[PDB]
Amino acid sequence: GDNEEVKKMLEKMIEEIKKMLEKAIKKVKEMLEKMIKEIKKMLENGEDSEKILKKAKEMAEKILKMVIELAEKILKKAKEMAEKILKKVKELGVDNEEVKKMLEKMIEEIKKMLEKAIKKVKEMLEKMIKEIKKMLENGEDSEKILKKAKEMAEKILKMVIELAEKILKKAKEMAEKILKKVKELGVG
């Protein structure tokens, strides 16, 4: 039936968000690893701070840009799927405002958390760079600097993971509410 179809559309939408979120985390991890690897190489060659920071700054900006792109695709794809669900639900009523508005909230929740992820990635990368600069200034050795860089990078990753999980949890709750309203459109 139509209710089961909508149920599965919602399941499919959230599964796709999940999959895209997993890929984003994987890409962010890999890029952070690369940044750290580059720092390690430079330290092993006794390079000066100025060279080390320039490269790190470049890497970080690249990470932020990719997080931005990835977030945009997630939101685009989510909106497309929500529109297809709204369209299916047109079979069940003329101008279904409550459903329409609930889908709108579902999308806005996703968006809000994605913007927060962008914001925290940006902020935290700035701080990682600042900390690197300070450690280079105060004569810390490679082991300490690398270890700290790894800790910082993992904190960024963990923040992205936490926000991804929140998105998924909220989207599922939402979907349950939406399905209930869709069911209420029907006779009995």
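Quick note: we count residues from 1 along the sequence shown, nothing fancier.
Q: Quick one: higher average CA temperature factor, 151-159 or 45-53?
A: Comparing 45-53 with 151-159, the higher average CA B-factor belongs to 45-53.
Q: Using the B-factor values recorded in the entry, state whether the Cα atom of residue 129 falls in the lowest, middle or highest third among the modelled residues of its chain.
A: Answer is middle: the recorded C-alpha B-factor places it there.
Q: Relative to the other modelled residues in the chain, which third contains the C-alpha temperature factor of residue 27: lowest, middle or highest?
A: Middle third of the chain for residue 27's C-alpha B-factor.
Q: Ranking every modelled residue in this chain by its Cα temperature factor as given in the entry, which third contains residue 135?
A: For residue 135, whose C-alpha B-factor we compare with every modelled residue in the chain, the answer is the highest third.
Q: Quick one: classify residue 166 as lowest, middle or highest third of the chain based on its Cα B-factor.
A: As the PDB entry reports it, the C-alpha B-factor of residue 166 lands in the middle third of its chain.
Q: Place residue 19 in the lowest, middle or highest third of its chain's C-alpha B-factors, as listed in the PDB entry.
A: It belongs to the middle third of the chain when residues are ordered by C-alpha B-factor.
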